[PDB]
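Only one chain comes next, encoded as structure tokens, the form deposited in one PDB entry.
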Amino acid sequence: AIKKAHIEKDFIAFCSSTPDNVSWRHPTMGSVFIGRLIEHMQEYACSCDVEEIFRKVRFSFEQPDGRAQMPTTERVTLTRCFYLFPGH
């Protein structure tokens, strides 16, 4: 037979900035958001779910300086925690 499913579900978008605003990039060091995300994934993928890791990446941007940006999570439809379980 046929069963009904949600058309949109289990999504998470992580943007580099809040709407209306810029995201920065160093010419030899790449983008700040990307670099910060790699750093944080490398360090937190083992223990936290992706939602939490994104929150932590946001938290590292808390104190602004010469160049400011605030990463934003969008259109979340995750019904469960996504753990990467690196090494598994």
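If you superpose the two forms and keep the largest set of C-alpha atoms that fall within 1.5 Å, you have the rigid core. Just count from 1 along the sequence shown to find any residue number.
Keep in mind that the form deposited in another entry is not shown, yet the notes after this line are about it.
- After superposing the rigid core, the C-alpha of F11 moves by less than 2 Å between this form and the one not shown.
- Relative to the superposed core, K56 undergoes a C-alpha shift smaller than 2 Å between this form and the one not shown.
- Relative to the superposed core, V22 undergoes a C-alpha shift of no less than 2 Å between this form and the one not shown.
- Compared with the form shown here, the Cα atoms of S60 and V22 move at least 3 Å farther apart in the other form.
- Between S31 and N21, the Cα spacing is smaller in the other form than in the shown form, differing by no less than 3 Å.
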